[PDB]
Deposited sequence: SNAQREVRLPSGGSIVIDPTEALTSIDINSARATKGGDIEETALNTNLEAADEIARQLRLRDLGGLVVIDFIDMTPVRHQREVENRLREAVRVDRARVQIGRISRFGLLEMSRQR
C-alpha cells in the first residue's frame, strides 16, 4: 500500500506528510538513461492510478529518476499529464526542477 512495484522491477514509495504527499521512484544491466526513462514512464502511469484509488488531494512532489536529456523530462511530464486527463479531479502538473522533483496538485 506504501510501496507499489512497477512492471520492470522498480517501485514508487508514497509518503503522506502535513504539507503534501511525496512519491519516491526506485529503479530495478542495460543503458542507465534508457532504464531511467522506462522506469519513470511506468511510474507516471502508476502514480496516476494511485492518485485516483487513494483519492489524494492537495500537493504531490514526485522524485523521478534523474534524466539528463530535457526531451526525456518532457516525455515523462507529458506521460503523467496524458495519464491523469481521464481523472474526474482537476489536476495541475509542473515541470521537473533542477532538483529533479516534479510538483503537481489534485483538487479532492
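Where C-alpha coordinates are absent, the deposited sequence of this PDB chain has the segments 1-3, 32-35.
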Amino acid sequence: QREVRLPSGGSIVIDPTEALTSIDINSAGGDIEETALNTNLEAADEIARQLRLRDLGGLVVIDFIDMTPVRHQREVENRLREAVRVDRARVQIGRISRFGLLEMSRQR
From here on, numbers count along this sequence of modelled residues.
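Looking at mean Cα B-factors across 31-39 and 44-52, the upper value is held by 31-39.
Ranking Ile25, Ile96, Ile14, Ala89 by the C-alpha B-factor listed in the PDB entry places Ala89 at the top. The PDB entry assigns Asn78 a C-alpha temperature factor belonging to the middle third of its chain's modelled residues.
Among the modelled residues of its chain, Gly9 has a C-alpha B-factor that falls in the highest third according to the deposited record.
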